[PDB]
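You are given C-alpha cells for the same protein chain in two forms, set apart as structure 1 and structure 2.
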Structure 1
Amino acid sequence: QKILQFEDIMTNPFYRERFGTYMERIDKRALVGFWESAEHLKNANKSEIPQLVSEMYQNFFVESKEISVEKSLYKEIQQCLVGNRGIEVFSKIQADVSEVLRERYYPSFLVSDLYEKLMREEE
C-alpha cells in the first residue's frame, strides 16, 4: 500500500468521489458536496454565478445545515448583515422567536408545575 496526500484526493474526481461515499456513511456527504460546489464556483463563467450561488444556498443552508459551514458564513457576512441595520434584523428574528415561544411553548408552560408554583405566590 502507498499513501495519498489530502490535496491529491480533493484535486482528483476519482479519489474525491470515493472520499464522498465514506462521508455518506456518517451522513456528512454535504461537507464534500460544499467543497466541490465552491471549487466549481471560482472557475465558472461570470454568467453562471447567480444560479450556482442560489443552488448552493438551497443545497447547503436550507436542504442541509452543517454547523462549521453556518459559523463561517455568519462570521464573514456580519458587516453586510448588521453593519447598519442591526436593530431591524434582530427585531425581525425576535418577531419569529416571539411566535415560536407563543405557539409552541407558552401553552405547555401554563400547565407546568413551575407555572402553578408562580401562581400560589400570594406571599
Structure 2
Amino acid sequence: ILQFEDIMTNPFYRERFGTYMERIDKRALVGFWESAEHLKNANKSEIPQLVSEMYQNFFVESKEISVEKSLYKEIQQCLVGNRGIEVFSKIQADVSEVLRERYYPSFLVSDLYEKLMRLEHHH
C-alpha cells in the first residue's frame, strides 16, 4: 500500500491520482496541490507570474478550490502584492487533508491503482 505522501510526491503517481479525480471533475485539487508545491520551491524571480497563473487556473477557470472569505480576501491582497504567498501553502494543506481523508482511500481500491501496482511491482 503506497502512503498518501508517496502518491503525491512521485509525479507519475500524482498524475494517475489526477486521472482518478478527473472522473468526479475534481482534478483541480491535485493540480492546485502541484502548483502550490512548485510556488513554494520556485526562484523568487518567478513568483509574480506563478501567482497570476495560480489565480487563473484555480480561482478563475476552476471554482473547485472552495476557501473561506478571509482566505479569499488574503488571495485578493496577494494578487496586488500587499501579501506574501503563504496563503497558498495554507490552502495546499487544507486540500491535502481533503485528498488524504476523502479521496485517497477510494483511489487505493480503483482500477487505476491496481494497474499502478502491476506497473511498479518493485513495491
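Residues that one form lacks are left out of the comparison. Numbers follow structure 1, counted from its first residue as 1. Superpose the two forms; the largest set of C-alphas matching within 1.5 Å is the rigid core.
* Taking the rigid core as reference, which of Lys46, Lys42, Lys75, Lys65 is displaced at the C-alpha by at least 2 Å between the two structures? -> That would be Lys75.
* Asked: Hey, does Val89 budge by 2 Å or more at the Cα between the two structures once the core is superposed?
  -> Yes, its C-alpha moves 2 Å or more.
* To do: Superpose on the rigid core, then tell me if the C-alpha of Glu17 is displaced by 2 angstroms or more between the two structures.
  => No: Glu17 shifts by under 2 Å between the two structures.
* What's the distance in angstrom the Cα of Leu101 travels between the two structures, core superposed? -> Rounded to one decimal, the shift is 37.1 Å.
* To do: Rigid core superposed, please list the runs of 3+ consecutive shared residues whose C-alphas all move by 2 Å or more between the two structures.
  => Shifted segment: 67-120, the only one.
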